[PDB]
Structure formats: C-alpha cells, structure tokens
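The residues making up each chain are set out below.
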Amino acid sequence: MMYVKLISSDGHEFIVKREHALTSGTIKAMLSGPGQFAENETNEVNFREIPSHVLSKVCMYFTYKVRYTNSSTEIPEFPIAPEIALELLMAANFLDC
Amino acid sequence: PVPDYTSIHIX
Amino acid sequence: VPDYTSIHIX
Amino acid sequence: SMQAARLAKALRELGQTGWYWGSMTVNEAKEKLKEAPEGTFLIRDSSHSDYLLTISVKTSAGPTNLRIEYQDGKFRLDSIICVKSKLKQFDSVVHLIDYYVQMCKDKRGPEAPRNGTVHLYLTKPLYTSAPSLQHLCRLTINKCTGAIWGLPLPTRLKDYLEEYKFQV
Amino acid sequence: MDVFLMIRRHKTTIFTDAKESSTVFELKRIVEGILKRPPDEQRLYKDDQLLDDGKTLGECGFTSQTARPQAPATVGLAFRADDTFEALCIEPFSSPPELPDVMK
Ligand SMILES: [Co+2]
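Participant: Talk me through the pairing of strand β1 (residues 3–7) of chain A; I want residue IDs and the actual numbers.
Facilitator: All names here are of chain A. Most of β1 sits inside the fold, with five of its five residues counted as buried. In β1, alternate side chains face the same way, and those of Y3, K5 and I7 on one face and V4 and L6 on the other are all buried. Relative to strand β2 (residues 13–17), β1 is paired through five bridges, and the arrangement is antiparallel. The residue of β2 that forms the bridge with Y3 is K17. Counting the residues in the hairpin turn of β1 and β2 gives five residues, including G11, whose phi is positive at 90°. Here β1 runs beside strand β3 (residues 44–46); their pairing, made up of three bridges, is parallel. Note that in β3 the partner of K5 across the bridge is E44.

Shown next, in the form of structure tokens:
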C-alpha cells in the first residue's frame, strides 16, 4: 500500500508513506525482502526497543530526507535535542538511515 | 564586489 | 577554543 | 600511518560532511550563495590543475572562492603572504574548516567594519544533500561534549563517534 | 506551498502532507483513505480550536514556516461514535531520560 504502520515499544502507531519508510535500510530489507506469494502479509512493523518519542523523530527524518533529495531547495537544519540524541543515534544505527 | 578568487592575509 | 584572528581576503 | 592513509581518511571525512559538492563551476557556486547569509560556505572540486579543493564563501561583498593548498601532507588556505608557524595546517581538511568555524564564533553586526579589505567569516555550511540520521546525531553529540567515552552507549557506537569529532 | 502535518488521535499518528491552499475537508478525505472513516464522522483541531471544512490549511495557521518537514504541525483528530462525537484525546509520547552528567 501507499502507507505503512510502524509500532513503537510502548504501542504508539505511526502511519507513514511507504516510499518514506524505505529510507531506513533495515525497513527496506523487511518490506522488500523474501516471503511467500500465497501467504498473507502484515503491513505493520513492530519495534520492541524503540520508544515513541524516538520513533516519532525518526519519521520526521524520513519526511526530511525525502523532501530534500534530488531537489534544488536549500536544505535547512534538522533540529535534534541533546536529550534524545543518544537514543536517536542508537535507533538510527539500528534502522540503517 | 569581491573578486572570484582570493587569498587570505592574517592581520 | 582558538583565539580570534582578523583574516583579510585579497 | 603513512601519508596516503592520512589523505584517504581526510577524503572520507569530506564525503561524510554533506557540504562537499564535487564538480561545481564558479558561477554555480555564486548562484547558490547569492542570497545566503554571511559565512555560508561549501567545498567543491578545484577547476585548477595544481589544486584539489576550493571553498566558496559568502562574504561582505558577495561570494568568493578560496583554494585549499595541500603541501607535505597538510591542508592550508591559499594566502598572499604567510609565516609558516602562523598558518594553520592539518592532516584533515574538515579539521581545517572546523578550526576556523570555531575561531569565528567570537567574530564581530554593528561592531563589524563596513568598508575596506573584506574580513573572512565562516559559520554554517550549505548542504548539497541531507546527511544520514546517524551523522546528524554525531554532530549534535559533538556540539554537546568532547568526552564521548563516558556516554551510555555501546562500544561499537563509541568508535563511530571517534571517527568524526568535528562540530561542522 | 506544501505543508507537513501530524494527524494524531489516541495512540495513532499519521505523517502526511498537503498544499497550503487545500481545505480542511480535503484533509478529511486523506484521513478517510487511511482510517476508513468518512469526513462527516471526523473533527479536526489545531490545539483547542475546531477547524471547519471551508477554511484552507493556511487560513487555519498551517504555513510553510510553521509546518516544515523537520517539524510538522500537529492536527487533532476526533471520531464520531453513534450520535455524539468523542472528546479530543491525544496520547503523549514517551519521555527521554535525563541527560548524562557530561552532556550540557
Ligand atoms: Co580590517
């Protein structure tokens, strides 16, 4: 589908565009990976160790990265508060983005 | 206006 | 950290 | 480590910045920095034969270009007159830019000169592409502290932070 | 021209975009294609103020400077069950831990 659901460790459900979610290399390997043609497939990805405040920030990066890729628009700063920077760094490395 | 190419001078 | 220096460009 | 390995690491760090534009003419740099604030900079390939890197900066009188000299394993700014001990030189070209951005954090608005020989000023870069979320977190952490080996992080990620200690 | 929004209801958050000149009703049609509920069963909010279908997103306060990709604006969403609407409820996100001693 056009959108995909990403569920955080505390149960928050984020619905983002599929092309935006493919910015993460880990998610891309999951949605565009092996499977069974006849079997049903879930359009939800569960993260058991990514909290909602971090996962919401990752989704904003998905919008930020796709918007300013192959574009003539000047790229503004991406605000990252220090209070989440380390949690965000661990999640970014885990998602390959 | 500034020239297209310049070099630094420490002052 | 480094001390400021007035740098001219010519 | 030998000279080729130091230069290779310096070029890798350049590619991780996000403000390295590769092939870019002088006019294309003037267009991208025409309305940018004073201090906006970017590093591109040098059209000259004896150079490799060039800084395009927005100054008080418009966009200009500064060629980066590479002599004896160290990067230096092109200078009209120099004393060797008084010109900063580093193995990493990103360290050279980070050095001057830090120095120009205490640069003089109303107190600045209004007419005369233009003064150099470097602040924020002009990204050609959005860097990875990891690198953006690395910059935020670096702008927050320099003692990364006491942070609650796995040792694998502490090596990642050590690979790029600059704030720009 | 493009505005970037976070449509939130309970524990559900939708990351979507629209045009500043588009209307609230057209935003309810985008929600209809995601949460499978018609616009007449939706109520959109900007903080406490209820948005009406006729106003454009820019007229409601969603401009290119307050609804950027790296900082999207939040739109409240309330659903209708039977005759009366539900009260606006948005579940907060988690809290980050206190900063380490060496940080800041
Ligand atoms: Co002067």
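Having seen it, we continue.
Participant: Which residues make up the coordination of the cobalt ion, and what are the values?
Facilitator: Protein ligation of the cobalt ion involves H8 of chain C (NE2) and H119 of chain D (NE2), the donor distances falling in the range 2.1 to 2.3 Å. Highlighted residues: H8 of chain C in strand β1 (residues 7–9) and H119 of chain D in the loop between α3 (93–103) and α4 (133–142), drawn from two different chains. Across this residue pair, the class does not change: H8 of chain C and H119 of chain D are buried.

Participant: Describe in detail the packing of aromatic side chains, supporting the description with residues and values.
Facilitator: What the rule picks out here adds up to eleven aromatic pairs over all chains. Between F14 of chain A and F93 of chain E the ring centres are 5.6 Å apart and the planes differ by 40°, which places this aromatic pair in the tilted class. Taken as a pair, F14 of chain A in strand β2 and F93 of chain E in the segment after β6 (84–85) lie in two separate chains rather than in one. Owing to a relative accessible area of 22%, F93 of chain E belongs among the partly exposed residues under this scheme. Between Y61 of chain A and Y64 of chain A the ring centres are 6.2 Å apart and the planes differ by 40°, which places this aromatic pair in the tilted class. Of this pair, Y61 of chain A and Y64 of chain A both sit in helix α3 (residues 52–67), three residues apart, roughly one helical turn. Residue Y61 of chain A shares its accessibility class with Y64 of chain A, and that shared class is buried. A network of ring pairs unites the aromatic residues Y61, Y64, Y68 and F78 of chain A as a single cluster. Here the basic side chain of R67 of chain D rests over the ring of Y5 of chain B, its NZ or CZ set 3.9 Å away from the ring centre.

Participant: Report on the sheet that holds strand β4 (residues 74–77) of chain D, specifying residues and quantitative values.
Facilitator: Residues and elements named next belong to chain D. The strand order β1-β2-β3-β4 describes an open sheet built from four strands, whose pairing is antiparallel. Edge strands, defined here as strands with exactly one partner in the open sheet, are β1 (41–45) and β4. Strand-to-strand twist of the sheet, defined as the mean angle between neighbouring strand axes without regard to direction, takes the value 30°. One ladder, built from four bridges, connects strand β3 (residues 62–71) with β4; its direction is antiparallel. Each residue of the ladder has a partner; that of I68, found in β4, is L77. In this fold α3 packs onto β1, β2 (53–59), β3 and β4, with an angle of close to 40° to the strand it touches most, β4.

Participant: How would you explain the environment of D159 of chain D if you had to name every residue and give the values?
Facilitator: Residue position: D159 of chain D is located in helix α5 (residues 155–162). Sequence separation between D159 of chain D and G109 of chain D is 50 residues, and the spatial gap between their C-alpha atoms is 40 Å.

Participant: Help me get a handle on the pattern of salt bridges, residues and values and all.
Facilitator: All names here are of chain D. In total, this model carries ten salt bridges over all chains according to the counting rule given. Residue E13 pairs with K9 through a salt bridge whose shortest N-O separation is 2.8 Å. A residue pair is termed a helical-turn pair when its members lie 3 or 4 positions apart in one helix, as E13 and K9 do in helix α1 (residues 3–17) at four residues. Given a relative accessible area of 8%, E13 falls into the buried group.

Participant: Report on the side chain of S22 of chain E, specifying residues and quantitative values.
Facilitator: All names here are of chain E. Its place among the elements puts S22 in the loop between β2 (12–19) and α1 (24–35). In this structure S22 comes out as buried when scored by relative accessible area, which is 13%. For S22, the contacting residues outside a window of four places in its chain are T56 and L57.

Participant: I'd like to hear about the interface of chain E and chain A, residue by residue, with values.
Facilitator: Interface size is commonly expressed as the accessible area that is lost once the parts come together. Each partner contributes residues to the interface: chain E has 26 residues there, and chain A has 28 residues. Between chain E and chain A the total buried area reaches about 2200 Å² when both faces are included, carbon and sulfur atoms providing 66% of it. Among the residues of chain E in contact with chain A, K11, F15 and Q70 of chain E are the three that bury the most area, contributing 32% of the side total. Across the chain E-chain A interface, the total number found is one salt bridge. For the salt bridge of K17 of chain A with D17 of chain E, the shortest nitrogen-to-oxygen distance reads 2.7 Å.

Participant: Let's hear about α1 of chain D: which residues, and what values?
Facilitator: All names here are of chain D. In this model α1 runs 22 Å from its N-terminal to its C-terminal C-alpha over 15 residues, within 8% of the 21 Å that 1.5 Å per residue would give. Those residues of α1 that fall on the buried side of the exposure criterion are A10, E13, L14 and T17. Each buried residue of α1 sits inside an arc of 105° when the element is viewed along its axis, so together they form one side. Turned more than 90 degrees off the buried face of α1, the exposed positions are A4, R12 and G15. At its buried positions, α1 is contacted by β1, β2, β4, α3 and α4.

The rules we used
- Throughout, residue numbers begin from 1 within each chain and advance along the sequence as written. They need not agree with those in the entry, and any residue without coordinates is left out.
- Think of it this way: whatever chain is written first is A, whatever ligand is written first is 1, and the rest follow in order.
- The side-chain figures draw on all heavy atoms in the structure; neither hydrogens nor water molecules are used.
- Residues with missing side-chain atoms are left out of burial classes, side-chain pairs and their counts.
- Think of it in three bands: residues with accessible area under 20% of the maximum for their type are buried, residues over 50% are exposed, and the middle band is partly exposed, with areas taken using a 1.4 Å probe on protein chains only.
- Only runs of H or I of at least four residues qualify as helices and only runs of E of at least two qualify as strands under DSSP, and these elements are numbered from the N terminus.
- In short, DSSP must find at least two bridges between two strands for them to pair.
- Donor criterion used throughout: N, O or S atom within 2.8 Å of the metal, extended to 3.2 Å for Na, K and Ca. Water excluded; incomplete-looking sites may result.
- The rule is short: rings of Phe, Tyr and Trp, with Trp giving its six-membered ring, pair when the centres are within 6.5 Å, and they are stacked under 30 degrees, edge-to-face over 60, tilted in between.
- Only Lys NZ and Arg CZ are tested; either one counts as a charge over a ring when it is within 6 Å of the ring centre and within 35 degrees of the ring normal.
- Every angle, taken between N-to-C directions, lies between 0 and 180 degrees, and every axis is a line fitted to C-alpha atoms, over only the stretch in contact when it is a helix.
- Any two residues whose heavy atoms approach within 4.5 Å are treated as being in contact.
- Here, a salt bridge means any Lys or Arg side-chain nitrogen found within 4 Å of an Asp or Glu carboxyl oxygen.
- The term buried area denotes the loss of accessible surface (1.4 Å probe radius) that occurs when two parts are joined, taken as the sum for both partners.
- By this rule the span expected of a helix is its residue count minus one, scaled by 1.5 Å.
- The directions considered for the arc run from the helix axis to the C-beta atoms.

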